[PDB]
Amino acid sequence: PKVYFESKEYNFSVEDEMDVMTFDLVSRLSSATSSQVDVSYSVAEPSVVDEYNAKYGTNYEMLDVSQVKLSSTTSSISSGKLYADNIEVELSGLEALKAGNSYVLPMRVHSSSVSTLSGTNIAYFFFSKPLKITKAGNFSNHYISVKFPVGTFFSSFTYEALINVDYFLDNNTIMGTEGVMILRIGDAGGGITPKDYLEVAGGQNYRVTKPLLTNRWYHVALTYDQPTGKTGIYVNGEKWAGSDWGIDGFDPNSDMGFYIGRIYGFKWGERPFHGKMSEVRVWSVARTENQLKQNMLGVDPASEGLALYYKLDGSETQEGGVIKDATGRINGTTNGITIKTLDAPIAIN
């Protein structure tokens, strides 16, 4: 007879503010025997998690062994029984775990009495820690003026943000460089683009074919892949419109330069956005559809290619007329972005 784990997998949720939890660890025999069978446990090698992720295409992160305590390392299965006496596993440091990841603790069973069954001697305990966005930045005649590093020339690029519109005026600025490359909603004064239609404008233009609602979160993105010439506008990860351009790129600093939320001082209309924004980014690459979809709620601010990042969740420093972005690269000038607490976490469906 052999020692093994009866149930391969268990799932736990790491609730808010939870730092410590305990669970039961039990192995068993394939069939009962006439003497006590001794067992012991250990945390399995991280490569066990890599094999699992490769087999299933999952993305589990291994917990640190330093946050695992066993009531005892050893146990036993009494003569005539199948299941080992319970061991309690205590997991700590849960509050510090990064949200938006799924974690695993793989436990191996060993025996000094009998053999264990390969492929059945690891128990997998999974821990989910949900990423939520519960705060966002208010725009009601507010701007962020952004100066990119000198000689910035975006060839391929991405603008993206989570937005929630309070109301639509004729032309509502999201982000960009007016007259050059700007993402907006509407240009109804021009009698072509309805007030609630996403549009890219500047040296060249195109627009979507369905309106946005008010009081609803959307993820919105504009990409341009300069080598292929393909540009797209994406809403909630779906391509809503596309075009083909021949331009080599654009200088975001040209003219009045780059603005978020309001083209401050523009004589032909400041075109303020009225609503909230979150997770506002500019990249110096064309992000793929998959990259846009998978990262709507958060990205590492250290990411290569990320030229500007405002979470607008309260974690950015605002002082002295400046709002410092998350990359540490951009000190934007602003009239102040009040961080609002949402009624519920951001949901796009």
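Residue numbers here begin at 1 and follow the sequence given.
Visitor: Between 65-73 and 290-298, name whichever shows the higher mean Cα B factor according to the PDB entry.
Guide: Result: 65-73.
Visitor: Tell me which stretch has the larger mean Cα B-factor in this entry, 214-222 or 150-158.
Guide: Per the PDB entry, the higher value belongs to 150-158.
Visitor: Could you check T134, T177, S128, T193 and tell me which one carries the biggest Cα B-factor in the deposited entry?
Guide: The record points to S128.
Visitor: For the CA B factor values reported in this entry, which option in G186, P252, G80, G275 has the top one?
Guide: Of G186, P252, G80, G275, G80 has the highest C-alpha B-factor.
Visitor: Lowest, middle or highest third: where is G261 by C-alpha B factor in its chain?
Guide: For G261, whose C-alpha B-factor we compare with every modelled residue in the chain, the answer is the lowest third.
Visitor: Select lowest, middle or highest to describe the third in which the CA B-factor of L308 falls within its chain in this entry.
Guide: Lowest third.
Visitor: Check where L97 lands among this chain's C-alpha B-factors and tell me if it's the lowest, middle or highest third.
Guide: Highest third - that is where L97 ends up once the chain's C-alpha B-factors are sorted.
Visitor: Looking at the temperature factor on the CA atom of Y41, which third of the chain's modelled residues does it land in?
Guide: Answer is lowest: the recorded C-alpha B-factor places it there.
Visitor: With respect to C-alpha B-factor, does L25 fall in the lowest, middle or highest third of the chain as deposited?
Guide: It falls in the middle third of the chain.
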